[PDB]
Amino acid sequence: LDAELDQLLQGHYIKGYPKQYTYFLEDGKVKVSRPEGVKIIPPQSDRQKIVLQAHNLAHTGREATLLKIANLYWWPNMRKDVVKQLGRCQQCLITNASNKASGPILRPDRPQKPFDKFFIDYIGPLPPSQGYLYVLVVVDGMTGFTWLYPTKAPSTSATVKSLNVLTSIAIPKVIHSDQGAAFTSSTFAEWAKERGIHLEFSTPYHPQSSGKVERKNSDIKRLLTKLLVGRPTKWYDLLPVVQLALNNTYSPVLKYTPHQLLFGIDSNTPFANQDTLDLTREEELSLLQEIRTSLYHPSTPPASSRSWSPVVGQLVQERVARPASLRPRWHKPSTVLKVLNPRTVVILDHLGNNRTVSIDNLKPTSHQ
């Protein structure tokens, strides 16, 4: 108010208003002659309303708001008040984009053994082939060995059917999947408890987390496409072929095929490797154990020059999953309860629940 501004019009020094400028009166308003021209100094009790009117014109950020205000006013530390408003504009906070990138991705260790961890997923809908529309893909984490099953839907019932056939071979310690309807059902839960299999889920809307199997999907679609060039897309009869072809393909970085990492010896397929012809099986299995433990493993890449990593108690916002036309892309702010690892957090969510989410589906809330 006029408290400070009275005390100024005479010529006493108030902290923040630099002494070397002349602060007069005119038209009933305190003014000042600043290099850029003459500007009104409003009373402190007017300042928030001003910053707010300027910000609301087009819901602009720090500079674009300041330049509007600067047109008519000066006062000390304008941007501090501007930023105060930006931090409280519900509408800006939930609609604006982030400009900080996620921290560098983790490269989890490879499962130590075949059957320690299965990654599973559906591809589809594909063009109908014999009344089939999807493929269940099951990928052993350690070996890359992959099983394919054609289904009529990405349903729990068809998942259970196919895995009953698969697990006739071995039972896996863990099965990791995303949060598809087929995997999160209680039926599937029961099906797994019945066998002492642990169900592991990806954070929601984050397929990188099923990267092992997602990546194998690419190879499956790619080979299927090539085999189908200038033919009708009858893929059902090619699943078996694509399966065997891929399980027996070399990985240039590893120098092994998934079949070899699984069995330690080629079967009767074309170009079968014969290097262990003179070893006993037991010597062979010895060599396999060795090969398994020394496979190349990548490491987290450098962080980008403007990433953020979550701190306990920080205000962060979850990305809205399927945002309606003309609706905000972000949820209201929420707090980081726990930091599970540098790329995964638990938050106290938009209702009042605990949610485990990927850092890729969060931004840090701006202006604190």
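Residue indices: 1-based, along the sequence shown.
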property: Segment of higher mean CA temperature factor, 298-306 or 27-35; result: 27-35
property: Selected stretch [higher average CA B-factor]: 75-83 or 240-248; result: 75-83
property: Per the PDB entry, maximal CA B factor within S186, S210, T95, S102; result: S186
property: Maximum C-alpha temperature factor, selected from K49, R327, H55, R343; result: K49
property: Lowest, middle or highest third - CA B-factor, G124; result: lowest
property: Chain-relative CA temperature factor third for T365; result: middle
property: Where the record places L279 (Cα B-factor, split into thirds across the chain); result: highest
property: Entry-reported Cα temperature factor of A192, expressed as the chain third it lands in; result: highest
property: Third of the chain, ranked by Cα B-factor, where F263 sits; result: middle
